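Encoded as structure tokens, the following chain is the form deposited in one PDB entry, with no partner shown.
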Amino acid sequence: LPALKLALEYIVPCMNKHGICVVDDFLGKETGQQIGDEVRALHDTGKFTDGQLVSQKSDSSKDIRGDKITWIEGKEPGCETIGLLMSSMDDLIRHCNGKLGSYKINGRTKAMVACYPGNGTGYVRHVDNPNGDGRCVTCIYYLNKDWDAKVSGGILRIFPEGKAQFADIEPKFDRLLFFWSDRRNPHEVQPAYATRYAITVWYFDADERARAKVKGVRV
């Protein structure tokens, strides 16, 4: 699918109606697998953090850690298919622009690659941007070949604002997800019992980000 046709016929309508949009088979199997390989090489070569401190015990070799992260710009050696993913997200957003709510998207973060290590940890209920920091759209790409949540857990559960209620989204290979980053979409990651990778970029609305700057920037 040309990025523009996906954007106009699918992303924009779904985002405006539901605030959440799932695109399956985004990049296809060859590119998805190449991204998988890049992320696994990052993991195998020690490029992730040790993971979010989940249980701090006053004895510390028994601390439990959860999601590990690394920030990727997309031009690093061995990360160029991740770079390519990021470009493809950006092209999708560029084709939506002016049509997602009333936002005008003018920038994004680096990619945050996350690895839930498969030790029963997940991620607590949260809103990505609860305090007006500029981020308007969360974009997540999942990496996980043959993921079965009934065995491996790791479902993303989102609670669209005032609804009875939730949507359960499997972290499926080659699935791309968008959702509004603000309090409209509280969400959580259920415990994962197998290694679970995802790559997230957040897009900034120009007006929100400009006044967030207000609330060394000193001349």
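Between two forms, the rigid core is the largest collection of C-alphas that superpose within 1.5 Å. Start at 1 and count along the sequence shown; that's the residue number.
Not on display, but discussed next: the form deposited in another entry.
**Q** Of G51, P171, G153, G32, which one has a Cα that moves 2 Å or more between the shown form and the other one once the core is lined up?
**A** Flagged residue: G51.
**Q** So with the core overlaid, does the Cα of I69 end up 2 Å or more away between the shown form and the other one?
**A** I69 C-alpha, core-superposed: shift of less than 2 Å.
**Q** Assuming the CA distance changes by 3 angstroms or more, are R65 and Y123 closer together or farther apart in that other deposited form compared with the shown structure?
**A** Compared with the form shown here, the C-alpha atoms of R65 and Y123 sit closer together in that other deposited form, by 3 Å or more.
**Q** Between the shown chain and the other structure, the Cα gap of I64 to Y123 differs by 3 Å or more. Is it closer or farther in that other deposited form?
**A** They are closer; the C-alpha distance drops by 3 Å or more in that other deposited form.
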